[PDB]
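For reference, the structure discussed in these notes is given below.
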Protein chains: 2
Amino acid sequence: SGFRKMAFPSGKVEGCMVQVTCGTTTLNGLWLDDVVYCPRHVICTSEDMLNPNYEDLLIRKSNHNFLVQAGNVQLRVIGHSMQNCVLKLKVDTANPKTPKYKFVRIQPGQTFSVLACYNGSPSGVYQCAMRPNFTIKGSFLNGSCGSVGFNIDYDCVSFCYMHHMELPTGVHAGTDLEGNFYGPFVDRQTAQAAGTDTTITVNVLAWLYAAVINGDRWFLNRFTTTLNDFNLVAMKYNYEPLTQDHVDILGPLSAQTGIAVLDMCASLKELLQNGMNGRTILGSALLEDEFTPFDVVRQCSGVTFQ
Amino acid sequence: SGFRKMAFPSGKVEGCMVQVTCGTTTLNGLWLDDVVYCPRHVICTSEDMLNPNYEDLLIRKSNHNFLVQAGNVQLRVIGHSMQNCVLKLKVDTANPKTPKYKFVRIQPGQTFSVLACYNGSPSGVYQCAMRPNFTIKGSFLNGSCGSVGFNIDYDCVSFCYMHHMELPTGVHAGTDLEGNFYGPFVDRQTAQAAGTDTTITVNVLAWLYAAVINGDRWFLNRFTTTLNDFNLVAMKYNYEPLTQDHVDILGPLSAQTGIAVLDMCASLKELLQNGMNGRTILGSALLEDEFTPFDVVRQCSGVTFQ
Ligand SMILES: *[C@H](O)[C@H](C[C@@H]1CCNC1=O)NC(=O)[C@@H]1[C@@H]2[C@H](CN1C(=O)OC(c1ccccc1)c1ccccc1)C2(C)C
Ligand SMILES: *[C@H](O)[C@H](C[C@@H]1CCNC1=O)NC(=O)[C@@H]1[C@@H]2[C@H](CN1C(=O)OC(c1ccccc1)c1ccccc1)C2(C)C
């Protein structure tokens, strides 16, 4: 028992992290086979970052402009190209630690693990959800760009995120590994704002089920509601509408606990209207929305990876 | 910016995790050089776990009773001995992935990273604090025993914890790597209870400083208090006394923010008396006490490891 925000083991990703230096900019890159992937604003100066034109900036670069440090070993760049907002530096050495991998793009509401890195050296690991507004509430300091986000499925690493920037509210923005930004953001130091957020309704119900499995039962009740009439309360607590597919994916959790999905919604309706009155749920005094149904099932059953 | 509960990269520990099977019991073990460390209750049956006598149980075991799986490779046991509550299985192969390491014992209030494992396969990683009562609020299912807790200092892994059991309240108990339990617990399936807990006062102040660095300032105030008179309020909110050494270790954080330690205590006194009135701090609606001063500094400056 116990519930606790849990990242994937980071080993397979740690073996891919390298340092990329161009001019004065130094950031992280991701070495898979004989390519190093990194955010394209490495070619920029600081006076270049206000309104760059990256594809003019890149024709002016040379292979030897790019200094690649894999730990205490230098890799020679033998080719460079730009795919959307990421750079692809073709190097003379294939990464011997290259895991089986895929490039996937995730959906807001889905989670992943972030391996925060500085100078090519992993610093720490933690879990993140992709918010409905395509930002992530991470922990990122200067020079963390090129840290990646990922999930693991047995032996295969699915990379979903590359860090690029922080927004004025303190949230973080980035792309997938094919270089396409999550959300309406550009890699220019200008006045971008996050867009309005909502609470991931299906995840909250997931976490409430995690709670019941771990013995937190005080918020339960005999009441029930219709899917329709819960969504009326959702709309006014800035929660997302719940769909019959969400009710489906909650099916396995409903079964284990014996609490129908619509009864838990009725329990949530009350939590929203009444608050929690000095009580906690899984050691939180807030309704938590960054655990997916698969996250709950994973941890309240305990899958593994190699 | 951002604050987020962050574990150490787990790679160096992942390369040490193995599966130990004896009879019907299967648990995790820790392979450093030519030894595998694992909780001694692996020699037990289920009818042996109610009141074992381990040192009679062990003279009845043979080297070949112990089945050691390093991934898909079997290690032969060539020796076995008991040190306190852990077993030491001498194997014929030194672990080629053995990091530079130490065995340390941590102090309640200190944190570490846990790599939860099942069947020798790492499942996930997360941060934990050693509570004042020598328990830890982890996430552990059957068969997670032998998962270790650790910190990393550049390249050296300091192992501090080995999981053994869960208590009836759902908290977790274990030993250091020399086999000595944290707190007044024994590796017998009987009626042990955790002992009364308190809130780690120095950590809360640390986290409040983390908040101010990240822009959460609403709880600040011009007021001040004496170290004496804050400790009077501490005693009645089940907080630990604060000492002049805690004020010292908070010195660097006090300096960065320009908020004297005693002014933050006065800000905490108010939080305890008034609550938070619908507000949050670093996305928590509770006063959080599982971040050390070093944790805050580490993350609000961003150190790394190799
Ligand atoms: C890459 O290492 C760095 C990571 C950022 C820096 C601090 N926290 C992070 O996550 N990325 C950047 O610096 C990107 C680069 C330059 C601007 N930028 C960025 O994040 O800017 C924000 C910012 C933006 C507008 C106005 C004010 C600040 C920022 C926030 C805090 C500290 C530094 C920068 C591009 C090419 C987008
Ligand atoms: C080792 O894999 C296992 C890990 C435990 C099991 C569930 N969560 C965990 O952290 N350790 C044990 O099973 C230890 C072994 C046997 C008893 N034990 C244990 O944790 O018992 C508790 C328990 C204790 C007293 C009364 C009721 C339950 C427990 C809790 C939940 C599920 C199973 C067991 C010793 C040798 C101490």
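We count ligands from 1, going down the list as the structure has it; atoms in each ligand are counted the same way. The figures that follow rest on heavy atoms only: side chains count, while hydrogens, waters and symmetry mates do not. First the proteins, then the strands, lettered A, B, ... as listed; each starts at 1.
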Item to check | Option of least heavy-atom distance to atom 7 (C) of ligand 2 (set: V171(B), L141(B), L167(B), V186(B)) | outcome: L141(B)
Checklist entry - Heavy-atom distance to atom 14 (C) of ligand 1: which of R188(A), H164(A), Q189(A), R40(A) wins? => result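 Nearest heavy atom to atom 14 (C) of ligand 1 lies in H164(A).
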Next on the checklist: Between ligand 2 and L27(B), can you find any atom pair, the residue atom being a heavy atom, that is separated by under 4.0 Å?
Outcome noted: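 No, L27(B) has no heavy atom closer than 4.0 Å to ligand 2.
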Does the protein place any heavy atom closer than 4.0 Å to [atom]?
| atom | answer |
| --- | --- |
| atom 31 (C) of ligand 2 | yes |
| atom 1 (C) of ligand 1 | yes |
| atom 28 (C) of ligand 2 | no |
| atom 25 (C) of ligand 2 | yes |

Considering only non-hydrogen protein atoms, determine which one is nearest to [atom] and report residue, atom name and distance to 0.1 Å.
| atom | result |
| --- | --- |
| atom 35 (C) of ligand 2 | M49(B) SD, 4.2 Å |
| atom 13 (O) of ligand 2 | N142(B) OD1, 4.4 Å |
| atom 4 (C) of ligand 2 | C145(B) SG, 3.0 Å |
| atom 18 (N) of ligand 2 | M165(B) CB, 4.1 Å |
| atom 8 (N) of ligand 2 | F140(B) O, 3.3 Å |

Quick check: does any side chain N or O of [X] sit under 3.5 Å from a backbone N or O of [Y], one acting as donor and the other as acceptor?
| X | Y | result |
| --- | --- | --- |
| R131(A) | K137(A) | no |
| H172(A) | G138(A) | yes |
| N84(A) | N180(A) | no |
| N151(B) | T111(B) | yes |
| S147(A) | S144(A) | yes |
| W31(B) | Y37(B) | no |

Next on the checklist: Testing the 3.5 Å rule here: is there a donor-acceptor pair between the side chains of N119(A) and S121(A)?
Outcome noted: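 No.
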Interfacing atoms of ligand 2 (cut-off 4.0 Å, heavy-atom, [X]):
| X | value |
| --- | --- |
| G143(B) | 2 (O) |
| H172(B) | 10 (O) |
| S144(B) | 2 (O) |
| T190(B) | 25 (C) |

Next on the checklist: So for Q192(A), does at least one of its heavy atoms come nearer than 4.0 angstrom to any atom of ligand 1?
Outcome noted: no
Checklist entry - Any idea which atoms of ligand 1 are less than 4.0 Å away from a heavy-atom of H41(A)? => result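 Those qualifying, in numeric order: 1 (C), 36 (C).
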Next on the checklist: Check this for me - ligand 1, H163(A), N or O atoms closer than 3.5 angstrom, yes or no?
Outcome noted: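 Between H163(A) and ligand 1, an N or O pair is found under 3.5 Å apart.
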Checklist entry - ligand 1 and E166(A), any nitrogen or oxygen pair closer than 3.5 angstrom? => result yes
Please work out whether the ring planes of [X] and [Y] are parallel, tilted or perpendicular, with thresholds of 30° and 60°.
| X | Y | value |
| --- | --- | --- |
| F8(B) | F150(B) | tilted |
| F66(A) | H80(A) | tilted |
| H164(B) | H41(B) | perpendicular |

Item to check | From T304(B) atom OG1 to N28(A) atom CG, the distance as rounded to the nearest 0.5 Å | outcome: 9.5 Å
Checklist outcome for this item: Interatomic distance, CD1@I136(B) vs CZ@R4(A), rounded to 0.5 Å, equals 7.5 Å
